[PDB]
DNA sequence: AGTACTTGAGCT
RNA sequence: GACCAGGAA
DNA sequence: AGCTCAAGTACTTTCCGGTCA
Ligand SMILES: [Mg+2]
Ligand SMILES: [Zn+2]
Ligand SMILES: [Zn+2]
Ligand SMILES: [Zn+2]
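Chains as they are written, first to last, in the entry's author numbering: chain A, 1 to 171; chain B, 1342 to 1453; chain C, 3 to 559; chain D, 109 to 215; chain E, 72 to 155; chain F, 1128 to 1224; chain G, 840 to 1080, 1092 to 1118; chain H, 3 to 76, 118 to 221.
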């Protein structure tokens, strides 16, 4: 998981920036546009690596307006979860339906029904919890989940998880 | 080759009979164009316009719909190297002024 | 303007022509396309979920599109589809369809010949797609049987098998929109002796084309991805959206639908007759009645000027306007809408010549100077001069018409309450008037020369004629016996550059047409320059002094 | 190279490509009476070696598609015994440059 | 895929069209309040500013010349001769 | 006024490429469409505002480009599609030469 | 038809002339690489004349008391007499001009001497004279080497193609062949010193101007000669009115590549 | 406009099939083992176990702040506070995913110290296991190789219960403390 | 407006 | 707006 | 019946009053 990935990004620049702080404003606009981005294709583009060697290349003057398009070649750390991947995470929310678990940038939600049967919902607890013969699961606790499937919304991926199978659960 | 020769010769004579002078290069080009193919290629609907230039291009002279119909049925792929294609597409053509690209050089932009 | 889109802006690199597989048409379709009625939710003015917009494009000009949400200027069309009750020939490929049947076995779908014949394997190797199809066709048209066993290519005593099927191949002739066959037969090995005579149905030809092998059809002009032969036959009919066939709606209580909307209506109707006719008690000929009829409309919708007689005509007599007809040029989409256009920022009027203009300028009537605009960007260089013109106004001469704010929104100095207290900001645009020494394109048609359109310096002047230097008269072919001339005005900094640097009158003087100058001294000035320079001709001091001063360069000596 | 008076029967005509790699050319005697290559209008054609050709193509960055073409049956092509793919270099006099290089490839 | 500068073969002079596009492009850019690399010595017309940038070879642009085959030579407007 | 076929030639003669485009686009017809990067047609339902795109049936919610062509061509292409011919439009090449 | 048939032809950045298919039409544009505008009729002296007076005009014999440059012509005159080594130079110089004379007579069979070439040399030398107030008396300060090798050099600077390889290099030679003839015929030693009467500095200038003007005279990659050529032929076809069919309908006949022409005719 | 890669794949019309991603080690196209860097040369897939990851972002974010000052001239919970400031100096703040991440990474790393990670990296990258597995093994703490091969099903026959149980033991040694 | 190609049909 | 018809440098 | 042709077809510029849903 948690890959480093070679990527590129076309960026147009208004002529008014064709001054010597050019590569400067470029590398920036890259980090604006790309860093913190999340795409289905590559996942969460987390941190742009190696600022000092970003590839500016030569930029082409577009022909009707005078802006110049650069393909900025770069590389960065990304995070793209998968089905069947096992993740360690922290509980964030908890409800009569299940619990959400924070795994880096993304949340994995575990259904009431994707747990063991004995683990059950305690509405009357602060903060609201899931209790077992021997386990307690609530907002601060740490969980180990099997990612059962992922869904890619706009600037996020969410995913449904399970702790029913072996060696998964509280830790 | 000798065909080309005679071909020019006769074309030159049409122009020069009327008295006018046209520079060699222009007649040469036309004449050369008819010729390079392998023999005499008519400057007509079913002559030059049947070569393997762009579908869209050829379609802009004489056989328009008939051409595009064929273009689809044989899955022609238009290069878009032609003038006319770009004219149809609203793109600047590779024509004079468009025959080449223009880049900023960040380097020299900092040197000055 | 037209609105901002986050989508990446590119240029077309390749155009890849192909054929619609039905599946694709069903797939792009934002609606079928079920009812011949245009709209009128039963008389109630508003579109019917059935023809134009059951999600398609939009009418109304208020009231935005119901798929994208965007309204006329922005929303292109959106395609619909009608499911055809029976397969039908695309009129354009009846041609090719026939020739393919002539090439392949009309029963099994094997190519009639292969690498077992030699001329065949030689045509097969022809690099050019189109040419090879022709080379193949002439070979295969003769072969009148799907042969099972072939003399091998080592010795013709032991006959190697190729593909199955014995079946004789029909001889095929077109009977306008119908393809009909004629099989040799046998009967005591005679025949014919009156051969078998039936008509090839779409559906069968279709099935044969389907069975045609990927490698086989690929040897014919085709492409397994972008155009399979089966797709020369129509089962799913893409329905173009209103912007292609817009209802030109005079006043309000009167539609005025487009010719195509009608032809589709017909197709729709013709399709419903056929559909219910077979789903019901099918009198098996009244079926092939409506079959033919559908095939006809779907034919004449694409092409109505067909060789085989009748011309699908509007009630009135006026024949219907086929899509084909819209395209065949000199007027007509390709030639007259694309290779040429009517254009903005242009003007024309009577010309007359001027002995007092300089060669490369053109006298522009103040009236036109005041109409014609140049989009100038607010900049520190021009900011005051620009503000001056704006305050100056649009009815005044050297003035301006519109101010365009950063927010892409347009200010009309003709009306805008703030047309006085209008305060320019760097980066806005003032569309100002055409002013002295703006480079412009002057052009006298017909335009057979480079030199027939040349860049000139503007000189705004009175009276209503374009005035031009007498010596530039000849490369335009112009005489003042009433001939008008067009003037176009560039809008970009880039384009004026192009004009002044490439096609300015002075540049065009010596010309590659004939390696000589293409304009010179003419008329009065010529007639006079002779008289002037005789030996006889002398000039007194009084006059000489004027003649000298008149030369605008003169060292004053 | 068979030089025949009147005709060669289509029977015999079949035996012509029948012994590769050897190539066989038929020429009508009556044609060969005047040498067309000596005509005023008929400039120097020169057969290029494979090596020679590869270089032409390289130095002009060309696919064979892009080269001007001589038909295989072309009178001069026949004289030189051009086989398809072979390229000839044509040297002509120029009223513009004096001498001029040109190439045609065989169809 | 671009030819190395030491193997360039095109004219080392600048072509009518190259120049017209260079002048036009800069003038556009100047018009759009881009940085000017010259003393506008009372200049105010983006073309004339550009004609002046060109006259002093301080235009930070590059012509990319394409060959029929697709390859190319990049030339600095610095290094192009302007006897044009 | 008509910037006709011949007026075109004359500019091509001049090699005045941009001015040609200006006259053919900004001085007239010019228009913007969104196209799919898979199938090459104007299919895309650009809800450009909620910033959503999609060429359903290509299922492509992601690979979308915008282009500036003359409406007449936009028409011409719809007209061809209407007549079962697909003039697919592509923003990258493959062939070279 | 003409325009539509040639529209996509243009000169590319390698001087090649191609269409949208990148097929070669001319290898060098107009067989000569020159832009049509930069060209004027110009008389190739060398081609005509009696062999008698050709010689009188061009031959220098430093080995012969009557055919030397009289020392009035240049300062070296008195000491140049009998100089064998120099004579080898003039002997190339002359042997070349003669070569050229035969060559030109192979090209222009009729003897026609005027032909449109780039760089009007006549005017250049005129300017040289009026620019440098050349004294149609006092002797030049040129050497035989100055003149002979100056021209030999200037020739190598008339560039039309550029590549570093034999095909391209040869192509360049071809392209330049005719102009070079013109050049050598106008700048032969005797001619320079006796007729034009140039001083060293004048000649130097004349050479430099020639080179420049020549360089000016090549076509600019991008030039759309397709439409240019068509238009250049079609437009004069607009101003149009043994008896062989001629004018407009013969032109029609030709472009059509008509099988059945009106006035077929052999000319034996 | 958005982000592209180096996988030049030209999907001409043929939409589908989009093979599902599982740890049957069928990750994306964008993540097969044969990758290609901007020298065009084929390079192998890069995966990080957190810590290997934490150290990459930390490092890059650091040498980024170094440039932010250059150009301007003319205990885990205790690292959390440290890191939180580094984001405030190099990160555009809106990027709350990085902050969310550096939290998690800081609190879930198995190897706090540089060398220690290199040691892990050595140990695993020698099993020839697919980079994904090699990552997950550095990321997920395990004992019974039953445990291991259950959470990382993709392993299985790839390496013996014993060998993998050896490795696993070595990992728990390097398991840096807090 | 005359030539193009291509269709068509009639005759031996 | 189709379409038809007539008349101009 | 097929196969030859002559005789059949459609197709090859810029401006500025009527009838048709
Ligand atoms: Mg007139
Ligand atoms: Zn819509
Ligand atoms: Zn069969
Ligand atoms: Zn699509």
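Backbone N, C-alpha and C fix where the C-beta goes; we use that ideal spot for every residue, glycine too.
According to DSSP, is residue i helix, strand or coil?
{"i": "residue 1197/F", "result": "strand"}
{"i": "residue 122/C", "result": "helix"}
{"i": "residue 1133/F", "result": "helix"}
{"i": "residue 561/C", "result": "Here chain C covers residues 3 to 559 and nothing more, so residue 561/C does not appear."}
{"i": "residue 911/G", "result": "coil"}
{"i": "residue 160/H", "result": "helix"}
{"i": "residue 1414/B", "result": "helix"}
{"i": "residue 175/C", "result": "strand"}
{"i": "residue 137/C", "result": "helix"}
{"i": "residue 1084/G", "result": "Any question about the placement of residue 1084/G has no answer from these coordinates, since chain G jumps from 1080 to 1092."}
{"i": "residue 346/C", "result": "coil"}
{"i": "residue 81/C", "result": "coil"}
Taking residue i as the query, report the chain A residues whose CB atoms sit under 8 Å from its CB, ordered along the chain.
{"i": "residue 148/H", "result": "104"}
Along chain E, in chain order, which residues have C-beta atoms closer than 7 Å to that of residue i?
{"i": "residue 8/A", "result": "The contacting residues do not exist; residue 8/A stays about 17 Å from chain E at best."}
{"i": "residue 494/C", "result": "99"}
Give the C-beta separation of residue i and residue j to the nearest angstrom, bearing in mind that I take them to be a contact with Cβ-Cβ under 8 Å.
{"i": "residue 86/C", "j": "residue 236/C", "result": "6 Å"}
{"i": "residue 956/G", "j": "residue 990/G", "result": "Going by Cβ atoms, the distance from residue 956/G to residue 990/G rounds to 16 Å, so no, they are not a contact pair."}
{"i": "residue 1236/F", "j": "residue 341/C", "result": "Residue 1236/F is absent from the structure shown; chain F starts at 1128 and stops at 1224."}
{"i": "residue 1051/G", "j": "residue 154/E", "result": "7 Å"}
{"i": "residue 96/A", "j": "residue 70/A", "result": "Wrong, their Cβ atoms sit about 52 Å apart, outside the cutoff."}
Below 9 Å on C-beta distance, what does residue i contact in chain F?
{"i": "residue 64/C", "result": "Those do not exist, as residue 64/C stays about 18 Å from chain F at its closest Cβ, beyond 9 Å."}
Check the Cβ of residue i against every Cβ in chain C and list those closer than 7 Å, keeping chain order.
{"i": "residue 1070/G", "result": "450, 451 and 452"}
Identify the contact partners of residue i in chain G, using a Cβ-Cβ distance below 8 Å as the criterion.
{"i": "residue 1436/B", "result": "849, 1061 and 1063"}
Check the Cβ of residue i against every Cβ in chain G and list those closer than 9 Å, keeping chain order.
{"i": "residue 1433/B", "result": "None at all; the shortest Cβ gap to chain G is about 13 Å."}
Report the neighbours of residue i on chain F: residues whose CB is nearer than 7 Å to its CB, in chain order.
{"i": "residue 88/E", "result": "1142"}
Anything in chain B within Cβ reach of residue i, meaning under 9 Å, just list it in chain order.
{"i": "residue 22/A", "result": "1445, 1447, 1450 and 1451"}
Exercise answer, beta-carbon shell around ligand 3 heavy atoms below 5 Å: This selection yields 107/C, 109/C, 110/C, 148/C and 167/C.
Quick check: the region 159 to 168 of chain A against the region 144 to 151 of chain A, are at least 3 beta-carbon pairs closer than 8 Å? The region 144 to 151 of chain A is in contact with the region 159 to 168 of chain A.
Mind listing, in chain order, the residues whose beta carbon lies closer than 6 Å to a non-hydrogen atom of ligand 1? 481/C, 483/C and 485/C
How about the region 521 to 532 of chain C and the region 1187 to 1205 of chain F: do they share at least three Cβ pairs that are nearer than 8 Å? no
Using only Cβ atoms and a threshold of 6 Å, which residues come within that distance of a heavy atom of ligand 4? Order them by chain position. 1163/F, 1165/F, 1166/F, 1170/F, 1182/F, 1185/F and 1187/F
Cβ contact check for the region 1134 to 1145 of chain F and the region 1425 to 1438 of chain B: 3 or more pairs under 8 Å: yes
Determine contact between the region 414 to 431 of chain C and the region 368 to 388 of chain C, defined as no fewer than three beta-carbon pairs at a distance below 8 Å. yes
Taking contact to mean 3 or more Cβ pairs, one atom from each stretch, closer than 8 Å, check whether the region 22 to 37 of chain C and the region 238 to 251 of chain C are in contact. yes
Using 8 Å as the Cβ pair cut-off and three pairs as the minimum, do the region 143 to 151 of chain E and the region 75 to 89 of chain E touch? As far as the Cβ criterion goes, the region 143 to 151 of chain E touches the region 75 to 89 of chain E, which means the pair count is three or higher.
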